[PDB]
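J.: Okay, here's the structure, questions in a sec.
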Amino acid sequence: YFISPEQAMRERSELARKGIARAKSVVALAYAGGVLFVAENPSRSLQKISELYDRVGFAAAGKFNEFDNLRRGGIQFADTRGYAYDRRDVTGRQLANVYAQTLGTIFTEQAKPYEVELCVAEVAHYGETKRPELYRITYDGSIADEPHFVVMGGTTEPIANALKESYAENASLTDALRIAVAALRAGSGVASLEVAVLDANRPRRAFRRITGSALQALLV
Amino acid sequence: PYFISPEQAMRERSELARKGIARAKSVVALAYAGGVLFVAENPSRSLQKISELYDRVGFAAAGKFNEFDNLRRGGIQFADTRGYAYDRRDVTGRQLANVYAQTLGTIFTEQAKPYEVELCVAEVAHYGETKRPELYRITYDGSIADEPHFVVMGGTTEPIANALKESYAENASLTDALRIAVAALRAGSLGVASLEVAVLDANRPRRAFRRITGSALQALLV
Amino acid sequence: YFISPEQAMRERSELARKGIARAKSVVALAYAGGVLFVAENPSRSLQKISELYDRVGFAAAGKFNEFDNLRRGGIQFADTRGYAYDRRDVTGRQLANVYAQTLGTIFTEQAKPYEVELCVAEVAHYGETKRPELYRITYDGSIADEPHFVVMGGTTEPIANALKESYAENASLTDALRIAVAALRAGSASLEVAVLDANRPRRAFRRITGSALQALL
Amino acid sequence: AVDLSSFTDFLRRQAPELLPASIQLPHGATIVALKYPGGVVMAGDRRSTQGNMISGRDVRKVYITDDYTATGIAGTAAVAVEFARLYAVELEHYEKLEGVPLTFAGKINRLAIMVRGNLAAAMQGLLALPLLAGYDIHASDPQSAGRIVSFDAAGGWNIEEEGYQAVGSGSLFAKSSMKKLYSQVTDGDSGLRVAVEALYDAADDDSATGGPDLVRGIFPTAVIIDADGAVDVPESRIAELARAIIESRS
Amino acid sequence: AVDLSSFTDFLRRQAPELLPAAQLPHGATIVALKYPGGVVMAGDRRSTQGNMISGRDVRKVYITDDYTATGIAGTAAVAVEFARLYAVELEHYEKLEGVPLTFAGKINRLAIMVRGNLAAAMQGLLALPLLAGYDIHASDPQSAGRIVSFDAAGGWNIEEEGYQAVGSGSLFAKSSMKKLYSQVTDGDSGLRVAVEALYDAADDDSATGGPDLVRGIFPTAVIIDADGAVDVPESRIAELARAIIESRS
Amino acid sequence: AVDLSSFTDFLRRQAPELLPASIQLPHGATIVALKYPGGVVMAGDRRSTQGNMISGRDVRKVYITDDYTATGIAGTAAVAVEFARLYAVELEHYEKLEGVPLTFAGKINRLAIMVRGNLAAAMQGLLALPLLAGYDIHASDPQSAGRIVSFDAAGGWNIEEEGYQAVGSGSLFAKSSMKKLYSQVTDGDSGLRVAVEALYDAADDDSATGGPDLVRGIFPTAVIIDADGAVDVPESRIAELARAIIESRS
Amino acid sequence: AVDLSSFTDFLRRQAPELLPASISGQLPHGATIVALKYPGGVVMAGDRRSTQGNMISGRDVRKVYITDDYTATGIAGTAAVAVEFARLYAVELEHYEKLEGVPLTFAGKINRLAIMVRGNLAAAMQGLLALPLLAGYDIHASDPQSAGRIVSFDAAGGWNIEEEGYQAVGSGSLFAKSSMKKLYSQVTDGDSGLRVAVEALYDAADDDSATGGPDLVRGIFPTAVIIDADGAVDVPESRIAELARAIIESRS
Amino acid sequence: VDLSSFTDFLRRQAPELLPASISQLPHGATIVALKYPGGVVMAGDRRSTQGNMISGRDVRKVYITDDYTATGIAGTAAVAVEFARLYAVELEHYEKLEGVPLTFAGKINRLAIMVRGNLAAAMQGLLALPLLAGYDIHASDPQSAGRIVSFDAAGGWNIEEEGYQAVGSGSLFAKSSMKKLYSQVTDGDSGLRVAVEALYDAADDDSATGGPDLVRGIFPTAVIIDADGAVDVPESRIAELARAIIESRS
């Protein structure tokens with residue numbers, strides 16, 4: 001005989017949700033500045049938000065070793081396509097499509113699926129005027145195209161609604177930051193927060209981490 | 001869990017697939033004077049459930065994205081390669097469908113989990129020829145169907161299928177066909193921002209596939 | 001009998017937990033001198049605390065053949081990266097991140113997971129002024145960024161609290177040594193001690209043994 | 001793992017021994033081909049030489065390879081014979097697998113790949129230079145349907161706009177002769193005469209090309225192809241045409 | 001390992017045989033120049049084997065996508081294999097990724113095909129391509145036109161001069177354009193200058209064929225502006241040829 | 001299979017075709033680099049030659065490879081532009097994977113491995129001889145921070161404590177010229193003059209090195225790097241420095 | 001397989017690229033290195049020149065390196081190859097120590113270096129030649145006075161523990177050796193040994209244009225390392241400059 | 001098949017350790033060996049040369065490889081030492097694994113395989129020509145127990161019935177000398193005298209073989225083997241024998 005697919009399906013699926021649910025949370029939202037990344041993160045050495053390519057950012061929630069492994073593989077894919085073609089040929093859509101294929105395969109063929117949820121975000125190139133793009137990729141490889149914000153990690157509904165109620169299409173960075181912080185606290189300080197943004201204004205490398213003094217200032 | 005008989009496995013596998021599909025967005029493909037029309041509901045602007053495979057051959061799918069994007073890419077590899085080893089005119093929709101059947105058929109039987117996808121390969125005639133468009137639907141099982149006028153896949157079909165059957169017109173103009181398709185899609189439950197539309201235009205000399213988007217689409221809708 | 005995904009994890013996880021629970025204990029804490037390593041160890045030939053690279057130390061608890069294995073691979077990884085680039089490019093953060101990936105994989109793919117828990121510690125380079133760093137990596141592959149001390153092996157809570165109550169940021173080596181020993185006894189030649197020292201120009205690691213160790217106490 | 005439906009790609013994968021490529025062999029031939037309205041004709045001599053010695057006098061170098069095409073091969077005899085058999089199988093194999101014959105352009109491309117894949121062996125003397133003659137059913141105009149294609153050693157192929165072509169050791173002589181006689185081609189009979197005459201001329205100036213042997217009764221072989229398919233021309237009709245040319249030269 | 005949406009890369013992995021890696025028929029002259037809002041490219045039709053003329057109808061300039069054309073010189077066989085393959089490589093990426101390559105990515109891709117043929121080129125199967133394109137993404141339409149040349153090692157160069165040529169008569173064609181360039185003010189004057197530079201090359205190089213009046217065979221050309229790439233009609237060139245011929249008499 | 005977090009090591013394992021793996025071509029360039037208080041400057045000519053013919057006159061050979069370093073590559077043009085691109089990606093790849101840039105010594109070591117791994121191809125004439133200029137933030141003294149590193153064909157690297165260096169066909173002329181002009185270097189503007197002058201001198205005695213073209217207005221390209229990072233010198237500032245020199249030689 | 005706790009092998013097994021195995025189907029070179037034994041000690045020194053044909057390519061090159069607490073290596077040959085060997089050998093030595101908790105015996109350190117050399121024979125045949133000289137203090141030796149060690153290697157990895165009391169390698173090595181043959185009886189301690197060494201190097205630079213002698217205008221002098229029971233130490237520049245001027249004024 | 005072979009083991013796990021190489025050096029030596037009743041003695045010179053230069057004067061070339069055997073190696077100094085070290089380990093390894101030492105025939109065969117597997121390297125200069133001397137305990141007669149075995153470069157081995165043998169650059173001279181002196185061997189003392197004299201004669205006619213150095217006090221090294229096992233002959237005993245010979249020649 002073989003083994004039950006519905007059974008395997010269900011158990012593997014439940015296992016992944018539990019790991020993520022028990023995990024720290026992250027939010028990403030569009031703003032005039034472009035895209036804002038906020039995640040609750042006590043540690044000072046372990047990132048949950050990173051740069052993938054020029055105008056492409058990455059945020060994740062779940063088991064660290066598992067998503068840091070995905071972050072690396074993603075940076076390898078981007079650097080390689082930008083080398084084989086040109087930097088301008090690398091897109092958020094492509095990185096997302098890759099992660100989908102990957103999580104999809106891990107889910108189906110590995111021992112344990114990946115207890116992770118991730119977000120790939122892309123702002124426009126210096127000077128262009130393009131709406132920011134946000135993608136969420138599930139542990140099972142499902143992929144979603146989000147118009148304004150994405151929430152992942154822990155218990156989301158609260159955080160999600162909180163954001164649904166207060167979202168602004170073109171919020172100033174400080175205002176957007178406050179809103180994000182509010183949703184996060186509402187969902188469940190500088191020391192406890194990891195923040196960074198993809199800045200359209202930056203000429204080439206959009207990714208910037210907002211830390212210490214500057215963050216505190218922005219917070220209030 | 002507990003191991004079952006092969007007969008049981010087919011039933012389970014089979015169910016697992018049917019559910020995944022039944023739970024996804026829908027797509028319709030229908031013949032028209034223009035050639036072939038593709039309509040699917042896509043809230044997504046970047047994601048594509050409808051694509052060009054070769055010159056006069058288009059593809060549409062429903063199911064799990066990563067899984068049918070995977071099959072979309074393989075088909076493009078297969079077609080480009082055959083067109084290169086022989087000539088572009090030797091690549092046919094019949095061949096691409098035959099391939100997908102073999103592929104899904106094997107994934108179904110040998111993979112961990114079967115593919116939660118349903119797909120359609122459509123082919124219009126070459127610039128200047130006069131040939132009835134061809135539509136093929138390929139199941140997760142890998143079974144293949146030769147459809148004369150239209151194909152429906154994704155989500156709950158019966159409503160869409162019957163509605164489409166009732167309003168289908170053999171020589172419908174591009175505008176009339178699009179409207180009918182949208183109406184059929186609605187029975188499964190639609191503007192330019194929740195729709196993904198494209199055609200395999202027989203009129204075009206070489207690359208028949210064309211995406212109808214934004215402004216142009218909007219005018220077509222109403 | 002046969003088991004389920006959720007089951008398998010609890011079992012593997014348990015098996016690991018027990019094995020670690022059943023091994024000798026180790027503590028690592030920040031101090032003015034840099035980092036101190038104390039472990040209860042009866043044996044005179046089998047180490048639980050080792051040097052990984054110039055300013056990077058390693059300490060572990062669990063099954064010996066299993067963590068000696070990881071000590072070796074960490075020395076291979078560090079030497080290789082320091083050769084391909086420069087010695088100054090090798091960091092504790094990197095070694096920790098590697099161990100996380102490794103235990104993470106062993107945990108998921110091996111017939112049995114590793115009954116080990118480990119600590120990677122890094123002091124600053126001669127002359128720099130950087131807060132020591134300590135990382136704990138579990139059998140599960142989970143990684144933690146510890147600000148002042150780390151405890152692993154056997155029954156920790158006692159040892160942990162004992163340290164939580166008595167920890168001091170700038171304690172002298174003798175003072176820090178005494179604080180660590182006190183915490184260790186609570187947990188319960190036969191003791192293994194070494195330090196990562198900022199003062200040393202290149203190799204921070206040093207084992208405190210015999211007479212010098214006795215005097216320090 | 002991409003199915004090409006290619007007999008030769010299958011062979012390389014499974015039974016490489018059967019492939020032609022290897023590593024003074026018998027060689028030398030003159031082959032001509034021309035287009036006449038509603039048709040194409042192709043003919044080749046019968047000689048084979050090793051150095052100065054005549055090794056063969058009955059050699060057939062022109063073969064019908066499918067219902068609408070024929071190939072004539074010039075070069076080492078061993079290589080040429082192998083290529084023709086294999087190409088015909090490759091063509092019929094794709095037809096059986098896909099239920100439909102290859103388009104003319106696909107047939108050309110396939111032959112080109114076989115040629116190009118022999119370039120290494122050609123550099124070492126195992127040279128096979130083919131000439132392809134075909135009638136295209138899907139061609140828009142029936143009168144202009146006939147096709148002539150030549151291949152260079154690297155597989156480069158060229159469809160002949162000029163109306164005629166030749167390959168082999170006496171090819172220059174044959175081509176210069178057709179250049180003069182071509183205007184006299186108005187149908188398959190006039191075109192056939194112009195072909196055998198060009199081969200006669202090649203045999204006249206090249207010792208590697210054999211002309212009509214009246215003592216043994218060996219004559220060039222020819223194939224003609226029009227909308228009704230490819231046919232082998234019967235010997236007697238060529239003997240007749242040869243005697244005409246001969247008598248006419250004396 | 002890592003998918004690159006590259007047709008050539010795929011071919012080596014699954015279909016190595018399809019991949020390409022005396023004397024053979026060779027010799028060509030190809031020119032390309034920029035005119036405001038456009039670029040034009042033309043090539044001769046001759047093919048030689050030693051001193052013998054092996055071909056007189058050879059086409060060496062091909063539209064490779066809606067905004068680019070490539071002209072290749074060297075061994076005729078290797079140069080034609082290259083145009084077909086490069087066009088497929090370009091359209092394959094577009095279908096896989098739903099968006100065409102940026103101009104710089106199209107150049108980089110061609111450079112990799114060339115460079116990977118260096119070994120073969122050393123042994124005579126040389127292919128020296130010239131790429132002409134209009135870049136839609138370029139800030140100014142007038143400066144939209146692009147000309148890129150490749151050396152045998154894959155090195156590529158975007159010409160800031162305004163024109164370029166490759167092939168056996170390339171020096172003659174370049175020297176000729178050096179004098180005639182100032183007369184280029186539009187697509188018609190620019191096409192004239194191109195056909196003339198090719199005339200001059202055929203005049204001093206026996207390997208480049210000039211216009212043949214008896215057979216009505218003339219260079220082939222392609223012009224590319226914001227509205228895409230188009231084949232110039234033979235007749236259009238033929239009458240540009242006579243104009244030059246008559247003008248030289 | 002330790003992960004070195006190297007982009008090229010990754011390419012080698014999974015994408016060999018991308019790498020300029022190697023089994024007359026345009027060449028000829030002169031690159032100079034010098035240290036001035038609190039800074040480093042680097043400049044290169046624009047010529048490319050094939051034999052005696054001038055194949056290029058706009059070639060750029062000096063590239064900013066990260067915020068604090070630039071590389072000038074002399075040798076076969078093909079092989080050098082590729083080397084600069086690859087090296088820049090290698091550097092930024094490690095930074096994104098490790099969240100921190102390589103130490104200067106690490107950057108040097110990485111370039112040396114790329115060079116040394118090309119020795120076989122360089123034997124066959126696909127030579128690439130690089131020059132590396134950088135400012136080290138980590139270094140204790142900002143004024144003496146500037147760094148110049150040269151590489152021999154086997155990957156050997158030397159850190160020049162002289163304060164200047166050059167590579168390429170006119171490098172001897174450029175180095176002898178700087179040997180006399182160096183004492184005049186006291187800031188970033190004098191150092192950039194001396195650099196443009198050394199390059200002028202090289203162009204004067206070497207036909208493979210092109211000097212300032214006043215007719216087309218093409219000038220050497222330069223990059224300067226101090227504590228605030230690496231910057232492209234604007235054409236106009238170089239053009240003015242050129243006239244200064246020309247004017248002054250007349 | 002059998003683990004040897006060898007960093008080299010590991011590189012070979014998983015990192016072939018890192019290894020200076022740059023052997024394939026004029027580079028900078030030229031140096032003179034000397035080494036001699038004094039009671040309870042050993043000293044080693046090397047010049048600073050590098051040449052490419054007749055051109056002087058380097059004038060500051062360091063060719064003598066402390067490789068562990070009780071050993072140093074001087075490598076003459078191709079400059080790029082020699083420098084790579086010195087860094088690699090030092091890692092290989094410290095790698096074994098960390099893995100096994102104990103440093104290699106002196107005989108083990110020799111054997112290991114010999115394998116690295118021997119495995120470079122093919123590349124050496126092609127001009128990638130590095131010929132090393134090893135100097136060390138053996139703690140385990142019964143006699144502290146006789147503890148110092150000098151080992152030379154031929155291109156095939158053959159090694160020889162010098163019984164003479166001194167050795168040299170490089171383009172000026174014959175001159176340096178002939179010089180020490182006369183000056184050796186004057187060696188009684190570390191300082192007299194260090195003087196003899198700088199003189200032998202002076203004599204090599206006098207007869208060989210590939211070996212550079214003391215540059216008084218730029219102030220570049222040979223580099224040296226001395227090793228006794230307290231470990232290996234870099235001799236300070238000024239002590240060598242002083243010693244140089246003594247020899248120079250004494251030759252005049 | 002486990003052969004209990006240390007070399008065969010390295011071969012599949014650690015080739016790097018193996019002496020054998022593929023893809024000038026110090027050398028030269030003279031090694032003699034002779035049979036005396038109830039014993040065998042073997043001796044070798046101490047010189048090493050590179051061209052005309054004397055590269056070594058203390059070289060030991062004769063080693064006790066086991067309790068009843070010794071080997072002396074000629075050819076390239078590095079190769080010979082590696083061979084001697086390895087051969088001894090190979091012998092002791094089989095003994096430990098099987099609890100019993102190899103028969104004499106087996107020890108010969110094993111050395112022959114090591115030699116033969118070095119032929120390719122021998123063709124390129126890394127030559128190692130060994131001489132094996134041993135006492136066989138299991139031999140039927142104690143007097144006839146002593147053995148001398150020589151090897152050609154292909155591994156061919158020969159057991160010497162003549163009573164003596166030599167290898168190396170001065171071997172012809174040493175063999176001609178022993179041919180005259182052999183009848184004087186009646187015991188181990190006389191036999192060791194003839195061996196030291198044959199080596200003296202080889203040094204006399206060959207500049208690559210060094211004779212007794214009375215100024216530095218360096219003499220040939222020797223090993224004697226009888227029923228009680230192999231022992232190194234002490235230096236003084238040989239020095240004294242040398243002086244007797246020198247005195248006697250003056």
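If you're wondering about the labels, chains in the structure tokens are A, B, ... by order shown, residues count from 1 in each chain, ligands from 1 in order shown.
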Any idea what's packed within 9 Å of stretch 19-30 of chain D, counting only C-alpha atoms, ignoring anything in its chain fewer than 5 positions away? Could you give it as JSON, numbers by chain?
T.: {"D": [8, 11, 12, 43, 44, 45, 46, 47, 48, 49, 50, 51, 54, 55, 56, 61, 73, 74, 75, 76, 77, 78, 79, 82, 83, 86, 117, 118, 120, 121, 124, 125, 126, 166, 167, 168, 169, 170, 171, 174, 199, 202, 203, 208, 209, 210]}
J.: I want to know what sits within 10 Å of residue F:97, based on only C-alpha atoms, with residues of the same chain fewer than 5 positions away left out; could you give that as a ChimeraX atom specification?
T.: /A:50-52,68,71-76 /F:5-6,92
J.: Using the selection just defined, write its residues with C-alpha atoms as a compact mmCIF listing (two decimals), in the first residue's frame.
T.:
```txt
# COMPACT_ATOMS: atom_id res chain seq x y z
CA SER A 50 16.75 41.86 4.60
CA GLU A 51 17.79 43.24 1.25
CA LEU A 52 17.45 40.77 -1.66
CA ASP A 68 17.66 32.54 6.62
CA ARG A 71 16.98 34.48 2.17
CA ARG A 72 20.39 33.28 1.09
CA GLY A 73 19.10 31.15 -1.76
CA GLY A 74 17.08 34.14 -2.93
CA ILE A 75 20.08 36.42 -2.91
CA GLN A 76 21.89 33.80 -4.94
CA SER F 5 29.35 32.77 0.59
CA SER F 6 31.17 33.42 -2.67
CA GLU F 92 28.07 42.98 -2.77
```
J.: Leaving out residue G:147 and any residue of its chain fewer than 3 positions from it, which residues lie within 10 Å of it when counting only C-alpha atoms, given as a PyMOL selection string?
T.: chain G and resi 37-42+136-144+228-229
J.: Mind writing the picked residues with N, CA and C atoms as a PDB file, in the first residue's frame?
T.:
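Writing the result to result32.pdb gives the following:
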```
ATOM      1  N   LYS G  37      72.036  27.704  13.175  1.00  0.00           N
ATOM      2  CA  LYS G  37      71.836  27.291  14.546  1.00  0.00           C
ATOM      3  C   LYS G  37      72.892  27.864  15.459  1.00  0.00           C
ATOM      4  N   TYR G  38      72.445  28.343  16.609  1.00  0.00           N
ATOM      5  CA  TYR G  38      73.316  28.850  17.650  1.00  0.00           C
ATOM      6  C   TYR G  38      72.865  28.101  18.888  1.00  0.00           C
ATOM      7  N   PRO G  39      73.690  28.036  19.923  1.00  0.00           N
ATOM      8  CA  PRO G  39      73.297  27.226  21.077  1.00  0.00           C
ATOM      9  C   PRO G  39      71.969  27.691  21.657  1.00  0.00           C
ATOM     10  N   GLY G  40      71.055  26.741  21.822  1.00  0.00           N
ATOM     11  CA  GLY G  40      69.734  27.008  22.353  1.00  0.00           C
ATOM     12  C   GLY G  40      68.917  27.920  21.459  1.00  0.00           C
ATOM     13  N   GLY G  41      69.274  27.989  20.183  1.00  0.00           N
ATOM     14  CA  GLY G  41      68.589  28.874  19.260  1.00  0.00           C
ATOM     15  C   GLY G  41      68.775  28.597  17.783  1.00  0.00           C
ATOM     16  N   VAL G  42      67.989  29.288  16.967  1.00  0.00           N
ATOM     17  CA  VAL G  42      68.107  29.213  15.547  1.00  0.00           C
ATOM     18  C   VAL G  42      67.743  30.605  15.048  1.00  0.00           C
ATOM     19  N   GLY G 136      63.173  25.825  13.205  1.00  0.00           N
ATOM     20  CA  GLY G 136      62.345  25.577  14.367  1.00  0.00           C
ATOM     21  C   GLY G 136      63.091  25.215  15.628  1.00  0.00           C
ATOM     22  N   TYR G 137      62.409  25.331  16.758  1.00  0.00           N
ATOM     23  CA  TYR G 137      62.974  24.941  18.037  1.00  0.00           C
ATOM     24  C   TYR G 137      62.186  23.744  18.528  1.00  0.00           C
ATOM     25  N   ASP G 138      62.878  22.666  18.873  1.00  0.00           N
ATOM     26  CA  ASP G 138      62.194  21.466  19.318  1.00  0.00           C
ATOM     27  C   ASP G 138      62.223  21.370  20.834  1.00  0.00           C
ATOM     28  N   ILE G 139      61.065  21.594  21.442  1.00  0.00           N
ATOM     29  CA  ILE G 139      60.910  21.559  22.890  1.00  0.00           C
ATOM     30  C   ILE G 139      61.166  20.176  23.470  1.00  0.00           C
ATOM     31  N   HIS G 140      60.721  19.162  22.744  1.00  0.00           N
ATOM     32  CA  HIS G 140      60.831  17.774  23.170  1.00  0.00           C
ATOM     33  C   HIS G 140      62.247  17.211  23.140  1.00  0.00           C
ATOM     34  N   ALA G 141      63.158  17.917  22.484  1.00  0.00           N
ATOM     35  CA  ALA G 141      64.537  17.462  22.396  1.00  0.00           C
ATOM     36  C   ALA G 141      65.144  17.387  23.786  1.00  0.00           C
ATOM     37  N   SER G 142      65.976  16.379  24.008  1.00  0.00           N
ATOM     38  CA  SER G 142      66.592  16.179  25.310  1.00  0.00           C
ATOM     39  C   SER G 142      67.477  17.354  25.696  1.00  0.00           C
ATOM     40  N   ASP G 143      68.218  17.889  24.733  1.00  0.00           N
ATOM     41  CA  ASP G 143      69.109  19.003  25.016  1.00  0.00           C
ATOM     42  C   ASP G 143      68.586  20.313  24.450  1.00  0.00           C
ATOM     43  N   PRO G 144      68.444  21.301  25.323  1.00  0.00           N
ATOM     44  CA  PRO G 144      67.972  22.635  24.947  1.00  0.00           C
ATOM     45  C   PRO G 144      68.929  23.329  23.989  1.00  0.00           C
ATOM     46  N   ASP G 228      64.160  30.671  20.182  1.00  0.00           N
ATOM     47  CA  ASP G 228      64.837  29.934  21.264  1.00  0.00           C
ATOM     48  C   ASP G 228      63.758  29.269  22.134  1.00  0.00           C
ATOM     49  N   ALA G 229      64.138  28.820  23.331  1.00  0.00           N
ATOM     50  CA  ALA G 229      63.181  28.167  24.209  1.00  0.00           C
ATOM     51  C   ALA G 229      61.940  29.021  24.545  1.00  0.00           C
TER      52      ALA G 229
END
```
J.: Mind listing as a ChimeraX atom specification which residues of chain B are within 8 Å of chain A, counting only C-alpha atoms?
T.: /B:1-6,9,12-13,16,44-47,64-67,70,112-113
J.: Apply DSSP to the structure's backbone, then extract all residues of stretch 83-114 of chain F labelled alpha helix (DSSP H) and return them as a ChimeraX atom specification.
T.: /F:83-98,104-114
J.: With a distance cut-off of 7 Å and only C-alpha atoms, select the neighbouring residues of residue B:114, excluding the residue or stretch itself and same-chain residues fewer than 6 positions from it, and output the selection as a PyMOL selection string.
T.: chain B and resi 13+17+107-108
J.: Please produce a file of the residues just selected, as an mmCIF file, in the first residue's frame, where the atoms kept are N, CA, C and O atoms.
T.:
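The resulting file, result_24.cif, is shown below:
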```
data_model
loop_
_atom_site.group_PDB
_atom_site.id
_atom_site.type_symbol
_atom_site.label_atom_id
_atom_site.label_comp_id
_atom_site.auth_asym_id
_atom_site.auth_seq_id
_atom_site.Cartn_x
_atom_site.Cartn_y
_atom_site.Cartn_z
ATOM 1 N N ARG B 13 -5.869 10.258 -3.922
ATOM 2 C CA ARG B 13 -5.068 11.162 -4.739
ATOM 3 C C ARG B 13 -6.058 11.948 -5.543
ATOM 4 O O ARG B 13 -6.096 13.191 -5.530
ATOM 5 N N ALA B 17 -6.826 16.202 -5.480
ATOM 6 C CA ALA B 17 -6.691 17.017 -6.664
ATOM 7 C C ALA B 17 -8.008 17.739 -6.918
ATOM 8 O O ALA B 17 -8.058 18.972 -6.941
ATOM 9 N N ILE B 107 3.044 12.501 -13.017
ATOM 10 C CA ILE B 107 3.095 13.125 -11.708
ATOM 11 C C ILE B 107 2.031 12.460 -10.810
ATOM 12 O O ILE B 107 2.289 12.106 -9.659
ATOM 13 N N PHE B 108 0.840 12.279 -11.357
ATOM 14 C CA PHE B 108 -0.266 11.679 -10.633
ATOM 15 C C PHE B 108 0.053 10.342 -9.994
ATOM 16 O O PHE B 108 -0.276 10.083 -8.842
#
```
J.: Would you give me, as a ChimeraX atom specification, the residues in stretch 1-240 of chain H that DSSP reads as strand (DSSP E)?
T.: /H:30-36,39-44,48-50,53-56,62-66,69-75,128-135,146-151,157-159,164-168,221-226,229-232
J.: Just give me the gap between atom CA of residue G:73 and atom CA of residue G:235 in Å, one decimal is fine.
T.: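 About the pair atom CA of residue G:73 and atom CA of residue G:235: they are 14.5 Å apart.
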